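Topology and contacts: notes
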Amino acid sequence: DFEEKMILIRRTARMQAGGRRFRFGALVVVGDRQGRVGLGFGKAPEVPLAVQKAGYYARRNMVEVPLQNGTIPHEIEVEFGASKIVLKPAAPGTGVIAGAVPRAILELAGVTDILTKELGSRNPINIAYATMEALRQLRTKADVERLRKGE
Amino acid sequence: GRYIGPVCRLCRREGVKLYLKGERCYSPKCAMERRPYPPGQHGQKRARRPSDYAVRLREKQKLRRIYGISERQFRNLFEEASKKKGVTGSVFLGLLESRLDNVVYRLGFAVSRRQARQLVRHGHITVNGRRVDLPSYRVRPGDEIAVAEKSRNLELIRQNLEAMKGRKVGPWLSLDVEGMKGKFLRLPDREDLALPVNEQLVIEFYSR
Amino acid sequence: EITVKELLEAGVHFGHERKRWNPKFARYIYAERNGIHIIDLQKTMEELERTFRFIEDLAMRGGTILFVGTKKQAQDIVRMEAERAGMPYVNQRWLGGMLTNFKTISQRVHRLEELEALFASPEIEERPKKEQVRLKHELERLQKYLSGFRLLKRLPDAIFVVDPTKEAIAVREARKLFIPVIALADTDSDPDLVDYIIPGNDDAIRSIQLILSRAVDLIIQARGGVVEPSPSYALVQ
Amino acid sequence: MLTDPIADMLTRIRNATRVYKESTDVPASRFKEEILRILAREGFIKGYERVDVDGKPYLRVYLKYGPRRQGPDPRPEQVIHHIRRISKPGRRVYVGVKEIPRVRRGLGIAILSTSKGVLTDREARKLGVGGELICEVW
RNA sequence: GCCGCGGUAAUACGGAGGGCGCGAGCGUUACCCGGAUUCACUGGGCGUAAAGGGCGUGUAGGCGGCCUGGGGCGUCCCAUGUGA
RNA sequence: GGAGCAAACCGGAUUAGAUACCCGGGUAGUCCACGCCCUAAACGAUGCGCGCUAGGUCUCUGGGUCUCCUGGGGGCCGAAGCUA
RNA sequence: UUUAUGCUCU
Ligand SMILES: [Mg+2]
Ligand SMILES: [Mg+2]
Ligand SMILES: [Mg+2]
Ligand SMILES: [Mg+2]
Ligand SMILES: [Mg+2]
Ligand SMILES: [Mg+2]
Ligand SMILES: [Mg+2]
Ligand SMILES: [Mg+2]
Ligand SMILES: [Mg+2]
Ligand SMILES: [Mg+2]
Ligand SMILES: [Mg+2]
Ligand SMILES: [Mg+2]
Ligand SMILES: [Mg+2]
Ligand SMILES: [Mg+2]
Ligand SMILES: [Mg+2]
Ligand SMILES: [Mg+2]
Ligand SMILES: [Mg+2]
Ligand SMILES: [Mg+2]
Ligand SMILES: [Mg+2]
Ligand SMILES: [Mg+2]
Ligand SMILES: [Mg+2]
Ligand SMILES: [Mg+2]
Ligand SMILES: [Mg+2]
Ligand SMILES: [Mg+2]
Ligand SMILES: [Mg+2]
Ligand SMILES: [Mg+2]
Ligand SMILES: [Mg+2]
Ligand SMILES: [Mg+2]
Ligand SMILES: [Mg+2]
Ligand SMILES: [Mg+2]
Ligand SMILES: [Mg+2]
Ligand SMILES: [Mg+2]
Ligand SMILES: [Mg+2]
Ligand SMILES: [Mg+2]
Ligand SMILES: [Mg+2]
Ligand SMILES: [Mg+2]
Ligand SMILES: [Mg+2]
Ligand SMILES: [Mg+2]
Ligand SMILES: [Mg+2]
Ligand SMILES: [Mg+2]
Ligand SMILES: [Mg+2]
Ligand SMILES: [Mg+2]
Ligand SMILES: [Mg+2]
Ligand SMILES: [Mg+2]
Ligand SMILES: [Mg+2]
Ligand SMILES: [Mg+2]
Ligand SMILES: [Mg+2]
Ligand SMILES: [Zn+2]
């Protein structure tokens, strides 16, 4: 039912008397292409183990993705750390325009039409956390008016 | 000009029977029946998790190979599709299909896209009555594709026209089998065709 | 019946923390005299009302409440009031993770069972004199912390806190799990992060016994037949 | 002192909504109201009311926030997520009618002063005028 | 081209087989724009990364509180001429 | 003008050397008047003015209906927010 | 109160 596409696998390394001790980190995306996504970053003493718990956390962090014909409602710009992502909605029949990181996510959540650009720090880890928060902040004319009324 | 030489290396480098052959890619050996792996010394080794770019490249090559077209021309069309208002992705496919050398193959006047190409470039084809020997002539809804006069013979034709009886040509097309003539009725909808291709990745290719 | 009158809430259940406050405790404050902030009891009622309106509901639908009280003034008044409602509670130190890490903290409860089921049984005396005192010592402390936590092999749907400040850990601990948080809090802490608030003295047994006791009752009334007064006036003053 | 009275206001609000205050006073003015007016008409504020602090004209503005949420950080969403001056005193911003913004794809308002009063992106496009572009809000 | 290959097992040099990309073309060099929000109007900054003037006083300039009229310079609208 | 101190300089030690570090001497200078020089880790490495956004405590200095309140300064801890 | 120094590429 769900789909797993990971964008980042890397090998960190602590330092101890007599050699460098390694450890692995994996960024995983989890979605259904029906409007649900999740981002999980897991770290373990080996690649797969980390990849595994990555998906674990990945589903421990979901989000409504109010699609509108394989796109988004309004245009949004969000910043995480010193990294920044711009999400502008394109008209159906365009395509998903993004980097490897913001694409994997926007895809496993639906969206077949969208224009984007990464600004500031292109760091993958932080760009991802920024893209989720960017989706996590989307609102439709519905929730928009459920806010502005009174009572 | 167009590509020439070994073809089953494509039937199988892209790893999908794509019928560049005549009747053979149908037999128990599009070469792909025997050896379903990439050509050359390393074809039997374990593949590596392909590059995000590699996937968009292979796909573009797949489709582009199907119609046996030169990249010079293949992008000539993609850019056209981009500019033209429409779904771009499916618009593109219509243009590739609207080619004479492709129609003539879709109409079964000839078995292979390449056999169908030589057929056009030899005079063995006529459009709306006129002689047309340009494998690139774009046809539109309404034209009368047909075999020429001096060409109504040649075992190659009637042998291939016969094997057409039983086969139902795709919607956007039609054919008067007994009279040797078809008509480009409409621009083939996306659904109308099930190319082994994900046209989305071909667009994501040229968006550098 | 269920309710309370601002009469009994005249013991010492309206203020304690002077200028040691948390300004977010505005709505629930009246005036500062004798240095100490005196907490408006009239609004205590309104919230004590709206609060039970969730407790009673939750009780008469089988929902569980978890009790946390580590203070000195609010330790014993929980061990009783809890068992007297057949509910889980925390008396001693509050082990971190207990909720977010209920999965693994529990594995330490199964150990308790496995230790209980080995008191005087067909295997004990076979084990050396050295290991015996040891194994039983692992039990002594084992039960010390996990006595009241033992019950409920599943995370609750509410916790009752004596002081959301002394137990900031738990309040947020549960808050992350969408587990509703209900507590008794003076000017020590802030509302906001409490779901159902009991704005009154969180020190002084008098208030912790008065407001917590007749709160355990309202539980059995939605359960079946409110009994008579229970362990309260112990070494009380 | 104050160089930009308008911006100041918008900022006073931006700061109250952040701490979830019921209201905030802002030095009053005819033009400053017209704007505050449109913020209630579009439901960004519960509205305002003329008051008098130390015998000086002010405007109490009653803020709106979403419902108390659950999970950590149980703080309401915001009716006013965003609000900032476009045309400033240091750089005046005037747009013809065809040049009017599109705040969050219609989802947001784009207050702007025209020779026919303080209007909004649509409200002005209806009249078909345009003018100085005060600020954008969502 | 950048990171960098060659120290007797080199997918990094040379040849070979094989493979990939284009095809009457394929490479190279030079130059322009792009990526470079890396001159930031859109769209950046200045405690420790480059970046607050040693401090004052003050000229021009820039900006400027609340209320009401007049003018209509900016601004906005329409019409029209021109924009080969 | 010159007491003490002390670049330079001399001597005694140290050291492989010791144009230094330690010791004994010691001249400009350090001081005053007047006139120049215009530098600095001239540092909060944080330009100035104004409005807005929880509090706790320590301190200097005003006014108060002198437990507390209020104004202007000087410190620490800190809401919200900001920050690599 | 006596010390200074450690060839080149990995
Ligand atoms: Mg930034
Ligand atoms: Mg960068
Ligand atoms: Mg980089
Ligand atoms: Mg198009
Ligand atoms: Mg492009
Ligand atoms: Mg050799
Ligand atoms: Mg070798
Ligand atoms: Mg070697
Ligand atoms: Mg190379
Ligand atoms: Mg080689
Ligand atoms: Mg070869
Ligand atoms: Mg070769
Ligand atoms: Mg060339
Ligand atoms: Mg700028
Ligand atoms: Mg910069
Ligand atoms: Mg500045
Ligand atoms: Mg430095
Ligand atoms: Mg300075
Ligand atoms: Mg400086
Ligand atoms: Mg200055
Ligand atoms: Mg000045
Ligand atoms: Mg001046
Ligand atoms: Mg003025
Ligand atoms: Mg002026
Ligand atoms: Mg005037
Ligand atoms: Mg005209
Ligand atoms: Mg000497
Ligand atoms: Mg000597
Ligand atoms: Mg010697
Ligand atoms: Mg030395
Ligand atoms: Mg000396
Ligand atoms: Mg001396
Ligand atoms: Mg001299
Ligand atoms: Mg100077
Ligand atoms: Mg100094
Ligand atoms: Mg610096
Ligand atoms: Mg300053
Ligand atoms: Mg200055
Ligand atoms: Mg003073
Ligand atoms: Mg005094
Ligand atoms: Mg002060
Ligand atoms: Mg501090
Ligand atoms: Mg903080
Ligand atoms: Mg040497
Ligand atoms: Mg070395
Ligand atoms: Mg040497
Ligand atoms: Mg070397
Ligand atoms: Zn074949």
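For this deposited structure, the header cites X-ray crystallography as the method used and 3.1000 Å as the resolution.

Secondary structure summary: chain B contains 8 helices and 4 strands in total. Mapped in sequence order, the helices and strands of chain B form the string α-α-α-α-α-α-β-β-β-α-β-α. Against the 2.2 N^0.38 benchmark of 17 Å for 208 residues, chain B shows a C-alpha radius of gyration of 18 Å, consistent with a compact globule. Considered along the principal axes of its C-alpha atoms, chain B spans approximately 55 × 45 × 30 Å. By the burial criterion, 43% of the 208 residues in chain B qualify as buried. For chain B, the proportion of contacts with a sequence separation of at least 24, taken over those separated by at least 6, is 55%.

Turning our eyes to something else, we now look at the overall build of chain C. Across its full length, chain C holds 7 helices and 7 strands. The order of helices and strands in chain C, counted from the N terminus, is β-β-α-β-α-β-α-α-α-β-α-β-β-α. Expressed as lengths along the three principal axes of its C-alpha atoms, the size of chain C is roughly 70 × 40 × 40 Å. Looking at the 237 residues of chain C, the share that counts as buried comes to 48%. Accessible area for chain C stands at about 12800 Å²; split by element, carbon and sulfur atoms hold 56% of it.

This brings us to the interface of chain B and chain A. Contacts between chain B and chain A engage 9 residues on the former and 9 residues on the latter. In this assembly, chain B packs against chain A so that about 550 Å² is buried in total across both faces, 42% of it on carbon and sulfur atoms. Taken as a group, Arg56(B), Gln200(B) and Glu204(B) account for 49% of the area that chain B buries against chain A, more than any other trio of residues on that side. On inspection of chain B and its partner chain A, the count reaches 0 salt bridges. For the pair chain B and chain A, the number of links is 0 residue pairs in polar contact. Element by element, the count of residues in the side of chain B that touches chain A is highest for helix 8 (residues 199-206) of chain B, at 3 residues. Each residue belonging to the side of chain B that touches chain A can be placed in one class, and the counts come to 2 nonpolar, 4 polar and 3 charged.

Residues and elements named next belong to chain D. Inspection of the secondary structure assignment puts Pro27 in the loop between strand 1 (23-25) and helix 2 (30-41). You can call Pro27 partly exposed: its relative accessible area is 25%. It is 8.1 Å that separates the C-alpha atoms of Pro27 and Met9, two residues lying 18 residues apart in sequence.

In this section: the UniProt feature "binding site: Zn(2+)" in chain B. Residues and elements named next belong to chain B. Under the feature "binding site: Zn(2+)", the UniProt entry names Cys8, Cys11, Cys25 and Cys30. For this annotated set, covering 23 residues, all C-alpha atoms fall within 8.2 Å of each other, a compact arrangement in space. Locating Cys8 in the fold gives a position in helix 1 (residues 8-13). The exposure class assigned to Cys8 is buried, which follows from its relative accessible area of 16%. The contact partners of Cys8, leaving out residues within four places of it in the chain, are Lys21, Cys30 and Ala31.

Residues and elements named next belong to chain B. Taken in spatial order, the 4 strands of this open sheet run 2-1-3-4, and their pairing is antiparallel. With one partner strand each, in any of the chains shown, strand 2 (130-131) and strand 4 (181-183) form the two edges of the open sheet. As paired elements, strand 3 (residues 144-146) and strand 4 share 3 bridges and run antiparallel to each other. When the sheet's bridge partners are listed, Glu144 is paired in strand 4 with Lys183.

Taken together, the contacts link 15 residues of chain D with 12 residues of chain A. Both faces considered, chain D and chain A share a buried interface measuring about 1100 Å² in area, 53% of it formed by carbon and sulfur atoms. A per-residue breakdown of the area chain D buries against chain A is headed by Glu77(D), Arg104(D) and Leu107(D), which together make up 53% of the total. Our enumeration of links across chain D and chain A arrives at 1 salt bridge. Between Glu77(D) and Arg139(A) there is a salt bridge, with its nearest N and O atoms 2.5 Å apart. Taken together, chain D and chain A are joined by 5 residue pairs in polar contact.

The subject of this paragraph is the arrangement of the chains. Counting contacts across all 3 pairs of chains found in contact, the highest total belongs to chains A and D. Separated throughout, chain B and chain D approach each other most closely at a C-alpha pair spaced 22 Å apart.

Summarising burial for helix 2 (residues 100-107) of chain A: 7 of the 8 residues are buried, a large majority. Considered for burial, the residues of helix 2 of chain A that qualify are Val101(A), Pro102(A), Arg103(A), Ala104(A), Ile105(A), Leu106(A) and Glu107(A).

Moving on to the UniProt feature "coiled-coil region" in chain C. Mapped onto this numbering, the UniProt entry annotates "coiled-coil region" at residues 101-146 of chain C. A distance of 14 Å separates the end C-alpha atoms of residues 101-146 of chain C, which is 65% helix and 0% strand.

The next thing to look at is helix 7 (residues 155-162) of chain B. All names here are of chain B. Among the residues making up helix 7, those that are buried are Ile157, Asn160 and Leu161. Down the axis of helix 7, the smallest arc covering the buried residues is 105 degrees, so these residues share one side. Turned more than 90 degrees away from the buried face of helix 7, the exposed residues are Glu155 and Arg158. Those residues of helix 7 hidden inside the fold are in contact with helix 6 (113-120).

Let us now look at the packing of aromatic side chains. Residues and elements named next belong to chain C. All told, the structure shown has 14 aromatic pairs over all chains when counted by the stated rule. With centroids separated by 5.9 Å and ring planes inclined at 80 degrees, the aromatic side chains of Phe25 and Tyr28 adopt a geometry described as edge-to-face. As far as the burial class goes, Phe25 and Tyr28 line up, both buried. A cation over a ring is seen here: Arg27 above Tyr28, with NZ or CZ 4.9 Å from the ring centre. Note that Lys136 overlies the ring of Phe119, its terminal NZ or CZ placed 5.4 Å from the centroid.

What counts, and where the lines are drawn
Here, residue numbers run from 1 along each chain following its sequence as written; these need not agree with the numbering used in the entry, and residues that have no coordinates do not appear. For this description, chains carry letters from A and ligands carry numbers from 1, given in the order in which they are written. In this entry, the chains presented are a subset of a larger assembly, and the associated values cover only that subset. No hydrogens and no water enter the side-chain calculation; it runs on all heavy atoms of the structure. Secondary structure elements are taken from DSSP: a helix is a run of H or I of four residues or more, a strand is a run of E of two residues or more, and numbering for both begins at the N terminus. Throughout, radius of gyration means the C-alpha value; the globule benchmark is 2.2 Å times the number of residues raised to the power 0.38. Relative accessibility thresholds used throughout: buried, under 20% of the residue-type maximum; exposed, over 50%; partly exposed, between the two (1.4 Å probe, protein chains only). The contact criterion used throughout is that any non-hydrogen atoms of two residues lie within 4.5 Å. In this description, accessible areas are obtained by the Shrake-Rupley approach with a 1.4 Å probe, and a residue is regarded as covered only by the protein chains that are shown. Defined here as a combined quantity, buried area equals the accessible surface (1.4 Å probe) lost by two parts on assembly, summed across both. Between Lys or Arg on one side and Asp or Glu on the other, a salt bridge is scored when a side-chain nitrogen of the former is within 4 Å of a carboxyl oxygen of the latter. N or O atoms closer than or at 3.5 Å make up a polar contact, with two conditions inside protein: a donor-capable atom paired with an acceptor-capable one, and, for residues adjacent in sequence, both atoms drawn from side chains. Three residue categories are used. Nonpolar comprises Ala, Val, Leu, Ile, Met, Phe, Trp, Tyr, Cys and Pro, charged comprises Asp, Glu, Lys and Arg, and polar comprises the others, including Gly. UniProt positions are given in the numbering used here, feature names are shortened, and annotations may be inferred rather than shown by experiment. Two strands make a pair as long as DSSP finds a minimum of two bridges between them. To be clear, the arc concerns the directions from the helix axis to the C-beta atoms. To pair, rings of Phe, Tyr and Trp, with the six-membered ring standing in for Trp, must have centres within 6.5 Å; the planes then decide the type, stacked if under 30 degrees apart, edge-to-face if over 60, and tilted in the middle. Any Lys NZ or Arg CZ that is within 6 Å of a ring centre and within 35 degrees of that ring's normal is treated as a charge sitting over the ring.

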